[PDB]
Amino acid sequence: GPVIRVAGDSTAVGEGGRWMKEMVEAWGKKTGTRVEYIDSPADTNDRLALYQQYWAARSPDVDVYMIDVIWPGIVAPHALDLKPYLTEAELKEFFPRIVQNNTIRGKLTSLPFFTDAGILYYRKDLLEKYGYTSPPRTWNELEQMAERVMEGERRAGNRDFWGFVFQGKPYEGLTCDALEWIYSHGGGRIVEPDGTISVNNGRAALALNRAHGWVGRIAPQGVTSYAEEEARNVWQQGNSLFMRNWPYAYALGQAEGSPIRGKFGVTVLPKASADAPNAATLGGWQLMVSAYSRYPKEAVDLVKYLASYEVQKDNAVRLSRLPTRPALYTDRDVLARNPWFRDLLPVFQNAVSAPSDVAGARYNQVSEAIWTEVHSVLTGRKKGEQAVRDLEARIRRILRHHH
């Protein structure tokens, strides 16, 4: 019979690839359908380039892809329209915001699978050790706490200890981190939903200068090459007071044998001042049936299974990844394992999107300009003032004539 082939997630990032292959094999076994899992690189922008090779070729060699929240506008021609396969009731079991994100010119490109939001991880043991009763609410507090804890821990002999780790590598994750910095300083959304390129302002510049101020000071010098896993590994070994990262790192940090099990909490990222908005960049992954699949009916059945209540539940319980079904956020088992899903639900609801809707199919070019200009500030090559001016000019060129 048919072999249903899936490219989604990565064995190079936590347990995602392993768990994904597990779920796909379970569907295979339950339905009597042969399946194959194709692995992907860690970073989303590398995955896009890979999958683009299959799409350009109209390749039938992958039936189902896991696609980023930022991709629907790019990948829509390569997606089978799922709308005819779901009832209105079925489709309403997902968050409307994500279904809308995934719907391009009326085409439902993909089902919501898991959502994502950037959050602050913090070592509760260390805050208590150094006299702090709450995680930081402002970036200045984060810096003050990081400096004091680092001084103490370095003095006690942990030469590997840092204050803060994050994603500073030149790739999509830096765009995510940087949107949070900018937005949390009152600097806007880089490109606003209405099309306005707003990033050339003093608040955005300050946010970038502040981040440069971390590098080699409270954050490792090598943070400028860190993606999600590099940051997680320093944190997870016990060597960072703070980390910015996504939900998936929670379950990994709690696993038996983690040096930091039971020593950490999560909260909203800090912000410049009390009246700035809270920033959490909206991430997440969706399930797309290939327009080039020879087996659309079977592939849709697999995508419905993967997006089902019980598979999303497993993803939440075992991998601490955020459901795209509101009903899971009241599930007793999801909540007992991850109580912070309830505490931070409003953070997740107010998460801020990168400018993929407004940039559409040119989003990957916009984002590359963003991470390259931000990176040049993190390296000390440019000041924030110059970088946001240069970034405005690049984005203007990229989006000229885009409506």
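Just so we're on the same page, rigid core means the largest C-alpha set that superposes within 1.5 Å between forms. Note that residue numbering follows the sequence shown and begins at 1.
Aligning on the core, I want to see which stretch wanders more in 4 other deposited structures of this protein. Is it 67-75 or 300-308 by C-alpha RMS?
More C-alpha displacement in 4 other deposited structures of this protein shows up in 300-308.
147-155 versus 319-327: which one's CA atoms end up farther from this form in 4 other deposited structures of this protein after a core fit?
Between the two stretches, 319-327 moves farther in 4 other deposited structures of this protein.
Quick check on the record: does 77-85 or 243-251 carry the larger mean Cα temperature factor?
Higher mean C-alpha B-factor: 77-85.
If you take the mean CA temperature factor per stretch, which one wins between 21-29 and 387-395?
According to the PDB entry, the answer is 21-29.
Between 112, 257, 163, 270, which one tops the list for C-alpha B-factor in the PDB entry?
Result of the comparison over 112, 257, 163, 270: 257.
Looking at 332, 297, 189, 185, which has the highest Cα B-factor in the entry?
So the option with the highest C-alpha B-factor is 297.
Test of reading the entry: by CA B factor among the chain's modelled residues, which third contains residue 310?
It belongs to the middle third of the chain when residues are ordered by C-alpha B-factor.
Among all modelled residues of this chain, ranked by Cα B factor, put residue 40 in the bottom, middle or top third, i.e. lowest, middle or highest.
Residue 40: CA B-factor falls in the lowest third of its chain.
Taking the values exactly as deposited, rank residue 171 by C-alpha B-factor within its chain and report the matching third: lowest, middle or highest.
According to the entry, residue 171 has a C-alpha B-factor in the chain's lowest third.
For residue 365, the third of its chain into which the C-alpha B factor falls:
CA B-factor rank for residue 365: highest third.
Chain thirds of CA B-factor: placement of residue 343:
It belongs to the highest third of the chain when residues are ordered by C-alpha B-factor.
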